[PDB]
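Peer 1: My file is target02.cif. It has mmCIF, C-alpha atoms:
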data_start
#
loop_
_atom_site.label_atom_id
_atom_site.label_comp_id
_atom_site.auth_asym_id
_atom_site.auth_seq_id
_atom_site.Cartn_x
_atom_site.Cartn_y
_atom_site.Cartn_z
CA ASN A 111 -71.78 62.86 -150.04
CA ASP A 112 -73.71 61.43 -147.06
CA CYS A 113 -76.73 60.39 -149.18
CA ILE A 114 -75.33 56.88 -149.56
CA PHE A 115 -75.89 53.84 -147.38
CA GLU A 116 -74.37 50.46 -148.19
CA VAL A 117 -76.28 47.42 -149.43
CA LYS A 118 -74.62 44.17 -148.43
CA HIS A 119 -74.92 40.50 -149.28
CA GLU A 120 -72.77 37.88 -147.57
CA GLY A 121 -70.70 40.68 -146.06
CA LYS A 122 -69.95 42.29 -149.43
CA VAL A 123 -71.27 45.52 -150.86
CA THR A 124 -73.32 44.76 -153.94
CA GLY A 125 -74.52 48.29 -154.52
CA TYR A 126 -75.83 51.38 -152.79
CA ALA A 127 -79.05 52.93 -151.58
CA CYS A 128 -79.38 56.64 -150.84
CA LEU A 129 -81.85 59.12 -149.39
CA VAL A 130 -83.33 61.36 -152.07
CA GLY A 131 -86.11 63.79 -151.32
CA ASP A 132 -88.74 62.11 -149.17
CA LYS A 133 -87.95 58.50 -150.04
CA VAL A 134 -85.21 55.90 -150.00
CA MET A 135 -84.11 54.88 -153.46
CA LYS A 136 -82.16 51.76 -154.35
CA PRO A 137 -81.60 49.51 -157.40
CA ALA A 138 -83.98 46.57 -157.43
CA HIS A 139 -81.50 44.31 -159.21
CA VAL A 140 -79.04 44.56 -156.34
CA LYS A 141 -79.13 41.66 -153.91
CA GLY A 142 -78.59 42.45 -150.24
CA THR A 143 -79.89 44.54 -147.36
CA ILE A 144 -79.27 48.08 -146.17
CA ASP A 145 -76.60 48.49 -143.50
CA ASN A 146 -78.61 51.09 -141.58
CA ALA A 147 -81.08 49.42 -139.22
CA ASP A 148 -83.60 52.25 -139.52
CA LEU A 149 -83.66 51.86 -143.28
CA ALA A 150 -83.26 48.09 -143.28
CA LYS A 151 -86.54 47.59 -141.44
CA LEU A 152 -88.51 49.67 -143.93
CA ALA A 153 -91.04 48.04 -146.20
CA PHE A 154 -90.08 48.48 -149.84
CA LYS A 155 -91.98 48.57 -153.11
CA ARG A 156 -90.47 47.26 -156.33
CA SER A 157 -90.88 47.90 -160.04
CA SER A 158 -89.26 45.51 -162.50
CA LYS A 159 -89.96 48.07 -165.21
CA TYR A 160 -87.59 50.58 -163.65
CA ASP A 161 -85.39 48.22 -161.64
CA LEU A 162 -86.17 50.55 -158.78
CA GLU A 163 -87.02 49.79 -155.16
CA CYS A 164 -88.18 52.45 -152.71
CA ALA A 165 -89.52 53.24 -149.24
CA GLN A 166 -90.45 56.34 -147.26
CA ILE A 167 -87.71 58.01 -145.20
CA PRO A 168 -88.24 57.94 -141.39
CA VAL A 169 -88.93 61.38 -139.96
CA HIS A 170 -85.79 61.47 -137.84
CA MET A 171 -83.71 60.84 -140.96
CA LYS A 172 -85.41 63.59 -142.95
CA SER A 173 -82.42 65.89 -142.52
CA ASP A 174 -80.12 63.37 -144.17
CA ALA A 175 -82.12 63.41 -147.39
CA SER A 176 -80.45 64.96 -150.40
CA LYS A 177 -81.95 67.68 -152.56
CA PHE A 178 -83.10 66.67 -156.03
CA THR A 179 -84.17 68.19 -159.32
CA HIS A 180 -85.92 67.12 -162.50
CA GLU A 181 -83.94 69.66 -164.51
CA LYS A 182 -81.41 68.23 -166.94
CA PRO A 183 -79.63 70.92 -169.01
CA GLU A 184 -76.73 69.86 -171.18
CA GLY A 185 -73.44 70.07 -169.32
CA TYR A 186 -71.35 68.30 -166.72
CA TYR A 187 -72.64 66.64 -163.57
CA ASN A 188 -70.69 65.28 -160.61
CA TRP A 189 -70.63 61.87 -158.96
CA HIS A 190 -68.39 59.76 -156.77
CA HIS A 191 -66.16 58.42 -159.53
CA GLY A 192 -65.23 61.70 -161.18
CA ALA A 193 -67.49 63.72 -163.46
CA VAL A 194 -70.26 62.63 -165.82
CA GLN A 195 -71.15 64.36 -169.08
CA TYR A 196 -74.79 64.80 -170.03
CA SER A 197 -75.82 65.46 -173.61
CA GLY A 198 -78.33 64.17 -176.14
CA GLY A 199 -80.45 62.81 -173.31
CA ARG A 200 -77.60 60.49 -172.39
CA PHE A 201 -75.28 60.38 -169.38
CA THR A 202 -71.71 59.45 -170.31
CA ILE A 203 -68.52 58.80 -168.34
CA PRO A 204 -64.98 57.75 -169.47
CA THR A 205 -64.68 54.05 -170.22
CA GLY A 206 -63.72 52.14 -167.10
CA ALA A 207 -64.50 55.16 -164.92
CA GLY A 208 -67.24 53.17 -163.21
CA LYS A 209 -67.37 49.58 -161.99
CA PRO A 210 -69.79 46.82 -161.05
CA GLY A 211 -70.74 47.48 -157.44
CA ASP A 212 -71.23 51.19 -158.14
CA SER A 213 -74.94 50.83 -158.76
CA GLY A 214 -77.18 53.04 -156.67
CA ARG A 215 -74.77 55.97 -156.76
CA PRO A 216 -76.45 59.36 -157.43
CA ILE A 217 -75.47 61.94 -160.02
CA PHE A 218 -75.40 65.52 -158.73
CA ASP A 219 -75.72 68.84 -160.51
CA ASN A 220 -73.55 71.86 -159.81
CA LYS A 221 -75.82 72.89 -156.94
CA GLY A 222 -75.51 69.54 -155.18
CA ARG A 223 -78.95 68.32 -156.27
CA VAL A 224 -79.55 64.71 -157.26
CA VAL A 225 -80.49 64.24 -160.89
CA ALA A 226 -80.26 60.51 -161.52
CA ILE A 227 -79.34 57.16 -159.98
CA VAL A 228 -76.82 54.98 -161.81
CA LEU A 229 -77.80 51.35 -162.37
CA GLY A 230 -75.33 50.29 -165.05
CA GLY A 231 -73.79 51.15 -168.42
CA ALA A 232 -71.98 49.96 -171.55
CA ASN A 233 -68.49 50.49 -172.94
CA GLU A 234 -68.51 52.02 -176.40
CA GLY A 235 -64.99 52.99 -177.39
CA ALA A 236 -63.38 55.59 -175.13
CA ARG A 237 -66.64 56.39 -173.38
CA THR A 238 -69.32 54.42 -171.58
CA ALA A 239 -73.01 55.26 -171.66
CA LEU A 240 -74.90 54.93 -168.40
CA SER A 241 -78.19 53.27 -167.58
CA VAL A 242 -79.85 55.64 -165.13
CA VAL A 243 -83.04 56.30 -163.22
CA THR A 244 -84.29 59.86 -163.42
CA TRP A 245 -87.47 61.88 -163.04
CA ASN A 246 -88.99 64.25 -165.59
CA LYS A 247 -91.89 65.94 -163.84
CA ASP A 248 -94.00 63.64 -161.69
CA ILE A 249 -92.88 60.17 -162.75
CA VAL A 250 -89.72 58.11 -162.78
CA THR A 251 -88.34 57.13 -166.18
CA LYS A 252 -85.56 54.75 -167.17
CA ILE A 253 -82.86 55.62 -169.68
CA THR A 254 -80.83 52.72 -171.02
CA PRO A 255 -78.32 52.48 -173.93
CA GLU A 256 -78.88 49.69 -176.44
CA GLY A 257 -76.10 47.76 -174.77
CA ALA A 258 -75.95 47.72 -170.99
CA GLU A 259 -74.63 45.80 -168.03
CA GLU A 260 -76.02 45.83 -164.51
CA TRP A 261 -73.65 47.11 -161.81
CA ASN B 111 -50.59 38.30 -140.92
CA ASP B 112 -50.65 35.87 -143.88
CA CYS B 113 -53.86 33.83 -144.06
CA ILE B 114 -55.44 33.37 -140.64
CA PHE B 115 -59.12 33.86 -139.83
CA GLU B 116 -60.99 34.27 -136.56
CA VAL B 117 -63.60 31.84 -135.32
CA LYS B 118 -66.30 33.46 -133.22
CA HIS B 119 -68.96 32.12 -130.90
CA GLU B 120 -71.41 34.38 -129.14
CA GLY B 121 -69.48 37.63 -128.69
CA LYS B 122 -65.96 36.17 -128.45
CA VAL B 123 -63.22 34.61 -130.54
CA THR B 124 -62.86 30.96 -129.63
CA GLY B 125 -60.11 29.99 -132.05
CA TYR B 126 -58.64 30.44 -135.50
CA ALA B 127 -58.91 28.92 -138.95
CA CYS B 128 -56.19 29.05 -141.58
CA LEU B 129 -55.42 28.45 -145.22
CA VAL B 130 -52.73 25.84 -145.71
CA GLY B 131 -51.87 24.56 -149.14
CA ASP B 132 -55.13 23.79 -150.94
CA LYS B 133 -57.28 23.28 -147.85
CA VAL B 134 -58.90 25.32 -145.08
CA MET B 135 -58.09 24.02 -141.62
CA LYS B 136 -60.02 24.55 -138.41
CA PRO B 137 -59.86 22.71 -135.03
CA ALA B 138 -62.99 20.60 -134.55
CA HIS B 139 -63.11 21.32 -130.83
CA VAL B 140 -63.68 25.02 -131.42
CA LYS B 141 -67.26 26.29 -131.32
CA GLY B 142 -68.49 29.18 -133.44
CA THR B 143 -68.15 30.18 -137.08
CA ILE B 144 -65.50 31.68 -139.34
CA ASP B 145 -65.51 35.48 -139.51
CA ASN B 146 -65.12 35.43 -143.28
CA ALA B 147 -68.51 34.74 -144.86
CA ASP B 148 -66.72 33.19 -147.83
CA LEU B 149 -65.40 30.45 -145.59
CA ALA B 150 -68.30 30.39 -143.14
CA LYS B 151 -70.63 29.12 -145.86
CA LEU B 152 -68.11 26.49 -146.93
CA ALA B 153 -68.92 22.89 -146.04
CA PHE B 154 -66.35 21.08 -143.90
CA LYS B 155 -65.42 17.45 -143.33
CA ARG B 156 -65.10 16.65 -139.64
CA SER B 157 -62.94 13.98 -138.06
CA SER B 158 -63.07 13.61 -134.29
CA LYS B 159 -60.00 11.40 -134.50
CA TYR B 160 -57.83 14.38 -135.38
CA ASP B 161 -59.88 17.13 -133.72
CA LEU B 162 -59.83 18.67 -137.18
CA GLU B 163 -62.22 20.04 -139.78
CA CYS B 164 -61.13 20.65 -143.36
CA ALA B 165 -62.57 22.09 -146.55
CA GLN B 166 -61.19 22.94 -149.97
CA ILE B 167 -59.92 26.49 -150.40
CA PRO B 168 -62.04 28.54 -152.83
CA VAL B 169 -58.87 29.42 -154.73
CA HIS B 170 -60.96 30.92 -157.50
CA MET B 171 -61.39 33.89 -155.17
CA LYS B 172 -58.82 33.19 -152.44
CA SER B 173 -55.72 31.60 -153.96
CA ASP B 174 -53.56 33.21 -151.29
CA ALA B 175 -52.67 30.52 -148.75
CA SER B 176 -49.69 29.50 -146.67
CA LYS B 177 -47.09 27.13 -148.05
CA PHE B 178 -46.60 23.87 -146.19
CA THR B 179 -43.99 21.19 -145.68
CA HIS B 180 -43.80 17.66 -144.32
CA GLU B 181 -40.27 18.29 -143.09
CA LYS B 182 -39.98 18.75 -139.35
CA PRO B 183 -36.28 18.83 -138.36
CA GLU B 184 -35.30 19.36 -134.75
CA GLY B 185 -34.97 23.09 -134.13
CA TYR B 186 -37.08 26.19 -133.64
CA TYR B 187 -40.32 27.22 -135.31
CA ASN B 188 -42.36 30.43 -135.18
CA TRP B 189 -45.94 31.29 -134.27
CA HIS B 190 -48.04 34.33 -133.35
CA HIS B 191 -47.38 34.23 -129.61
CA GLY B 192 -43.65 33.57 -129.76
CA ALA B 193 -41.22 30.88 -130.83
CA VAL B 194 -41.73 27.15 -130.34
CA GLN B 195 -38.98 24.63 -129.75
CA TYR B 196 -39.15 21.32 -131.55
CA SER B 197 -37.29 18.72 -129.54
CA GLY B 198 -37.60 14.95 -129.32
CA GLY B 199 -40.31 15.12 -131.96
CA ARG B 200 -42.37 17.30 -129.61
CA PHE B 201 -43.33 20.97 -129.83
CA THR B 202 -42.62 22.94 -126.66
CA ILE B 203 -43.29 26.57 -125.69
CA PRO B 204 -43.02 28.66 -122.48
CA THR B 205 -46.07 28.11 -120.29
CA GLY B 206 -47.09 31.75 -120.55
CA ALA B 207 -46.68 31.75 -124.33
CA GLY B 208 -49.94 29.90 -125.01
CA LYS B 209 -53.49 30.09 -123.71
CA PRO B 210 -57.10 28.96 -124.24
CA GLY B 211 -58.45 30.62 -127.37
CA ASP B 212 -55.18 30.40 -129.29
CA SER B 213 -56.17 27.08 -130.84
CA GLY B 214 -56.01 26.86 -134.61
CA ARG B 215 -52.88 28.99 -134.88
CA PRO B 216 -50.27 27.55 -137.33
CA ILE B 217 -46.59 26.89 -136.68
CA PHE B 218 -44.13 28.09 -139.32
CA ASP B 219 -40.59 27.04 -140.13
CA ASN B 220 -37.79 29.44 -141.00
CA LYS B 221 -38.77 29.29 -144.66
CA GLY B 222 -42.25 30.57 -143.81
CA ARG B 223 -43.81 27.15 -144.41
CA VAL B 224 -46.51 25.66 -142.18
CA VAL B 225 -45.64 22.49 -140.32
CA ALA B 226 -48.32 22.20 -137.67
CA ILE B 227 -51.55 23.55 -136.17
CA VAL B 228 -51.82 24.14 -132.41
CA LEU B 229 -54.74 22.48 -130.60
CA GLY B 230 -53.67 22.64 -126.95
CA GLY B 231 -50.89 21.71 -124.53
CA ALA B 232 -49.68 20.38 -121.17
CA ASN B 233 -47.62 22.02 -118.43
CA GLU B 234 -44.21 20.51 -117.71
CA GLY B 235 -42.45 22.79 -115.25
CA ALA B 236 -41.69 26.16 -116.86
CA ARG B 237 -42.43 24.78 -120.32
CA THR B 238 -45.53 23.34 -121.94
CA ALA B 239 -45.78 20.64 -124.58
CA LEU B 240 -48.20 21.34 -127.40
CA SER B 241 -51.00 19.23 -128.77
CA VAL B 242 -50.64 19.71 -132.49
CA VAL B 243 -51.79 18.62 -135.90
CA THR B 244 -48.92 17.59 -138.13
CA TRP B 245 -48.63 15.83 -141.44
CA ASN B 246 -46.32 13.67 -143.49
CA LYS B 247 -46.59 12.31 -147.00
CA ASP B 248 -50.32 12.12 -147.78
CA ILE B 249 -51.33 11.67 -144.13
CA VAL B 250 -52.35 13.92 -141.25
CA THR B 251 -51.58 12.89 -137.67
CA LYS B 252 -52.35 14.24 -134.21
CA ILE B 253 -49.74 14.44 -131.48
CA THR B 254 -51.09 14.93 -127.98
CA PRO B 255 -48.92 15.19 -124.82
CA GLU B 256 -50.30 13.39 -121.81
CA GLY B 257 -52.62 15.62 -119.81
CA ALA B 258 -52.80 18.17 -122.61
CA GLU B 259 -55.86 20.40 -122.60
CA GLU B 260 -57.64 21.87 -125.61
CA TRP B 261 -57.10 25.62 -126.06
CA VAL C 368 -97.29 -14.26 -144.20
CA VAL C 369 -95.57 -13.53 -140.92
CA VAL C 370 -92.45 -15.51 -141.75
CA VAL C 371 -92.11 -14.09 -145.24
CA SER C 372 -92.80 -10.51 -144.19
CA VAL C 373 -90.41 -10.68 -141.26
CA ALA C 374 -87.72 -12.58 -143.12
CA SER C 375 -87.89 -10.05 -145.94
CA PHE C 376 -87.58 -7.20 -143.48
CA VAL C 377 -84.61 -8.79 -141.74
CA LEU C 378 -82.82 -9.58 -144.99
CA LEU C 379 -83.34 -6.03 -146.22
CA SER C 380 -82.14 -4.72 -142.88
CA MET C 381 -78.98 -6.81 -143.15
CA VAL C 382 -78.35 -5.41 -146.61
CA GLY C 383 -78.95 -1.87 -145.38
CA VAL C 384 -76.41 -2.55 -142.66
CA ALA C 385 -73.88 -4.01 -145.08
CA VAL C 386 -74.21 -0.88 -147.20
CA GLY C 387 -74.20 1.41 -144.18
CA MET C 388 -70.95 -0.06 -142.89
CA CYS C 389 -69.39 0.12 -146.36
CA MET C 390 -69.95 3.85 -146.58
CA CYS C 391 -68.70 4.24 -143.02
CA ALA C 392 -65.58 2.29 -143.92
CA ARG C 393 -65.09 4.44 -147.00
CA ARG C 394 -65.61 7.61 -145.03
CA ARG C 395 -63.10 6.50 -142.42
CA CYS C 396 -60.52 5.32 -144.96
CA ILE C 397 -60.75 8.36 -147.23
CA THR C 398 -61.27 11.18 -144.74
CA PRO C 399 -57.56 11.21 -143.59
CA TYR C 400 -56.56 11.90 -147.19
CA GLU C 401 -59.13 14.64 -147.68
CA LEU C 402 -58.30 16.03 -144.26
CA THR C 403 -54.62 16.39 -145.19
CA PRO C 404 -53.44 19.58 -147.01
CA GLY C 405 -51.58 18.92 -150.24
CA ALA C 406 -52.44 15.23 -150.07
CA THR C 407 -53.22 13.25 -153.19
CA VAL C 408 -55.33 10.13 -153.06
CA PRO C 409 -53.31 7.14 -154.39
CA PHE C 410 -54.57 5.87 -157.72
CA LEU C 411 -55.39 2.47 -156.28
CA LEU C 412 -57.38 4.02 -153.46
CA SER C 413 -59.18 6.40 -155.81
CA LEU C 414 -59.75 3.50 -158.17
CA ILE C 415 -61.48 1.24 -155.65
CA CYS C 416 -63.23 4.02 -153.74
CA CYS C 417 -65.54 6.53 -155.39
CA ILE C 418 -63.88 9.35 -153.39
#
Can you dump the structure from the file as C-alpha cells?
Peer 2:
Amino acid sequence: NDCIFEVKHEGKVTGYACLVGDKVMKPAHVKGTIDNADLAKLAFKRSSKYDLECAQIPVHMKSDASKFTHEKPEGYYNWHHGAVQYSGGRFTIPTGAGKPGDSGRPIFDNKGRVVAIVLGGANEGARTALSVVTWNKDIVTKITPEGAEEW
Amino acid sequence: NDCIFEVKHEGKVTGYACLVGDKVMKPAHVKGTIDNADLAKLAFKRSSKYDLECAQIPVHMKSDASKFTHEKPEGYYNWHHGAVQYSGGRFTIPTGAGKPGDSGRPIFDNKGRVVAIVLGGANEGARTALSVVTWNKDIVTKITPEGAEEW
Amino acid sequence: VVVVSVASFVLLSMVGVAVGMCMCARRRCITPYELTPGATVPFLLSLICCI
C-alpha cells in the first residue's frame, strides 16, 4: 500500500518506484526522478538486461520497506488495479486492467508480501500477459511474453 | 475556472497566462514561469509593443481553450474579480476590484467569449480604467489609459 | 591590400546590415499576426514573407 513512491518527469508520473526488502526498486525504462528527496538523492545501479534500477534503502526508511518472497505457487495475487492470476509461470490480468504509467507497481501475495514488479504486458484476447521482474532464490530474473509493451 | 494558468516567480504568483483560441497568451511584463510544465517549456514570441507574449496551443494534448470574439459592444463584461463596464471604448472597473498580480486575467462577454486581457489600470475617482489587450480582425492592439500602471 | 581588405569588410558589413534589417522588418511586420489569437496571415503577406 505504502511501498510506492512516484517517479515524475516534467511534472507527470511516468511510473513508480517502491521499497522492497532492503533496497529501492524501480523500472529502468521509466524516465523521471523519485518524488521523495531521501530516495531521490540515492545513487542507483542499472541493468539493461532486467530493465531494473536499484539503490539501498536509508536506515530511517527501513520500516517503510515491504516484505517480499521468492515463492510463487499457482493462484491469485493482489495488486493496485484489481487481482492478478498466476499460472504456468506467467502473470495475467484482464485485458485493459492495467495501463501505461502503471510500471513499477508491485504484485502482492495473500500475506502482503511482494512477489514481482510489473514493467509492462501484452493484450492477447480477453487477457493480458505481464512483463514482470521477480526473484527465484538469490538472483533477479525477467519474465516477458513474446509480445510486450513498456508501461 | 476554464483555461487560466498561474505564472510564478520566486515563491509568489506574479500574473496569469491563458488559452484563447489557438494561442497561449501571457503578459510580457510579468516575470516568472507558467505553472504548467507543458506550457512552461513552450517557446514564446515576445513583443514589447503590446506587452504580450504568445505561443501556439499544444492542442494535441490541450485542445480545451476559451472561445474568442472581435466584437466589443458597449455594455458589461465579466472577469474573475468582478464585472467590468465597457464604456466609450474603454474598460472600467471599481478601484478595489483590481490589483497588482491580477495581470493576465481575461475578460469575457455574456456568451463566455474572451474579448480582452487585463494588463493594468489607472485610478479615476471611484473607478479605474484598465490597460488591456484587445483584438479585431487579424490584428491585436493595446489600449492604455493615461497614467495606467502594470499589474 | 589595405584598401581591398577594408573595402571588402565594409561592403560585407553593409550586406549583413541590409539582411539584418530585412529580418527585423519581417519580424516586426509578421509578429502582430502571430501574436493575435485566431488570426490568419493574408495570402499576399504569407506569399512575400517566409512566415
Peer 1: Applying the PyMOL selection byres ((chain A) within 12 of (chain B)) to the file I just gave you, which residues come out? Please list them as a PyMOL selection string.
Peer 2: chain A and resi 118-122
Peer 1: Run through the PyMOL selection byres ((chain B) within 7 of (chain C)) on the given coordinates and return the selected residues as a list in words.
Peer 2: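 Output from the PyMOL selection byres ((chain B) within 7 of (chain C)), applied to this file: residues 130, 131, 132, 133, 164, 248, 249 and 250 of chain B.
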Peer 1: Can you list what the PyMOL selection byres ((chain A and resi 158) around 12) grabs from this structure, as a PyMOL selection string?
Peer 2: chain A and resi 137-140+155-157+159-163+252
Peer 1: Calculate, to one decimal in Å, the centre and edge lengths of the box along x, y and z of the file that holds all listed atoms of segment 151-162 of chain B with 4 Å of margin on each side, and present them as AutoDock Vina command-line options.
Peer 2:
--center_x -64.2 --center_y 20.3 --center_z -140.3 --size_x 20.8 --size_y 25.7 --size_z 21.2
Peer 1: Please write as a ChimeraX atom specification the list of polymer residues whose atoms come within 10 Å of (-80.7, 56.8, -168.1), counting only C-alpha atoms and keeping to the coordinates of the file.
Peer 2: /A:199-202,226-231,239-245,251-255
Peer 1: Mind checking which residues fall within 6 Å of residue 224 of chain A, counting all atoms listed in the file, ignoring those fewer than 3 positions away in the same chain, and posting them as a list in words?
Peer 2: residues 178, 217 and 218 of chain A
Peer 1: Grab the residues selected above and save them as an mmCIF file, in the frame of the given file with C-alpha atoms.
Peer 2:
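Output saved as selection-v7.cif:
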data_model
loop_
_atom_site.group_PDB
_atom_site.id
_atom_site.type_symbol
_atom_site.label_atom_id
_atom_site.label_comp_id
_atom_site.auth_asym_id
_atom_site.auth_seq_id
_atom_site.Cartn_x
_atom_site.Cartn_y
_atom_site.Cartn_z
ATOM 1 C CA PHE A 178 -83.100 66.670 -156.030
ATOM 2 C CA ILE A 217 -75.470 61.940 -160.020
ATOM 3 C CA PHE A 218 -75.400 65.520 -158.730
#
